[PDB]
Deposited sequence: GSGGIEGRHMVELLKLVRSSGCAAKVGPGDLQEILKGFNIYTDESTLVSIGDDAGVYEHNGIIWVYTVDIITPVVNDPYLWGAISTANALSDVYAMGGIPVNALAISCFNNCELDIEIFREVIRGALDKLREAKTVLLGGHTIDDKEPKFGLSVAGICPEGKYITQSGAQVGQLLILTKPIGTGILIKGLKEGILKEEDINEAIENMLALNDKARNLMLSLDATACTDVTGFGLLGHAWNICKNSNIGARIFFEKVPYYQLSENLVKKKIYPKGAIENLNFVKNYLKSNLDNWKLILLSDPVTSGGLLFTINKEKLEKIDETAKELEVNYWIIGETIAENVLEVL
């Protein structure tokens, strides 16, 4: 039912303006470094509870990618008042509250706004301990690109909408979308990562370019090293994918250097929901990445490395 109610990468706008200051999203006050973010998403599964919990993990992700600790939040819910009821809304909140409790983040309130399409999310406030926050512009050539969750959810969600797939068929993807990036944040910080971002709506290639663009470098990504759901590959090969994937691919066209089949590039551009962290580390950190990860109980994949050529080389 929910999914049946469901129908670029440019922020330079603010760059051109002269902003009052007394991606970023960091604010310093009385020696304390705060980070804020907001994200609202349409249903990604038919289960109201899971949608609420996934949306929460998704919203918190930005804070974790910055090296921060989520502290509080406001719930933002949008829906049509003639298609949805309170019972389903109550379930969304139940999932959100449970995920927030797991994240030790305090919900301070919520606002309901009328919308033709169902949407739920949070505005979140976090703190960066020791003022240590990570950005997307500190990377340098010759560092390794680490990813903490597989990609391909956008394709699976599309499959669910088309009735081609059943929820029971993507339990792995659902578990990954529900997972908080707190442990991934700990790994990233432990390895003294030079830059970080989470992987969401712009796809793996789009978010990787964000790091390249802001750090003035390029990146080489190996398709065969990128973690993704087998079902995602199966569907994308059958031309089954969200329009956002082709849009994301088009957004990176000018920076792309590859000869791979389109289905692979489309897979790599697929919009990710509640994705993992994508970060860069100095080569020397390979000496303990395994020990540190197992200790923090978090998976990781080395998908490539930063290069001097200002391009996104996908091999």
{"query": "Chain regions without C-alpha coordinates, deposited sequence numbering", "finding": "1 to 11, 19 to 28, 44 to 52"}
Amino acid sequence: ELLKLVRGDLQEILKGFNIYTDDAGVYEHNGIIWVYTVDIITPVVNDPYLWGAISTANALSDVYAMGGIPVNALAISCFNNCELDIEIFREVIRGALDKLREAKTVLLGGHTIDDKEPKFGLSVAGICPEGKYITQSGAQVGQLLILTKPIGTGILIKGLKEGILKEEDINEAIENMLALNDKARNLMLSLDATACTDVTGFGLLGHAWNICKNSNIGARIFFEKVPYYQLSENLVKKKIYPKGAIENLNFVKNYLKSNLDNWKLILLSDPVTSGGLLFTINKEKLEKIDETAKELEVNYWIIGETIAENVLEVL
From here on, numbers count along this sequence of modelled residues.
{"item": "30 to 38 versus 270 to 278 - which carries the larger mean C-alpha B factor in the record", "value": "30 to 38"}
{"item": "Between the two ranges 79 to 87 and 218 to 226, the one averaging a larger CA B factor in the entry", "value": "79 to 87"}
{"item": "Most elevated Cα B-factor in the entry, residues 95, 142, 110, 150", "value": "110"}
{"item": "Chain-wide C-alpha B factor ranking for residue 103, given as lowest, middle or highest third", "value": "lowest"}
{"item": "Residue 191, C-alpha B-factor rank within chain (lowest, middle or highest third)", "value": "middle"}
{"item": "Third of the chain's Cα B-factor distribution that residue 66 belongs to, per the entry", "value": "middle"}
{"item": "Relative C-alpha B-factor of residue 210, binned into the chain's lowest, middle or highest third", "value": "middle"}
{"item": "Residue 132 - Cα temperature factor, lowest/middle/highest third of chain", "value": "highest"}
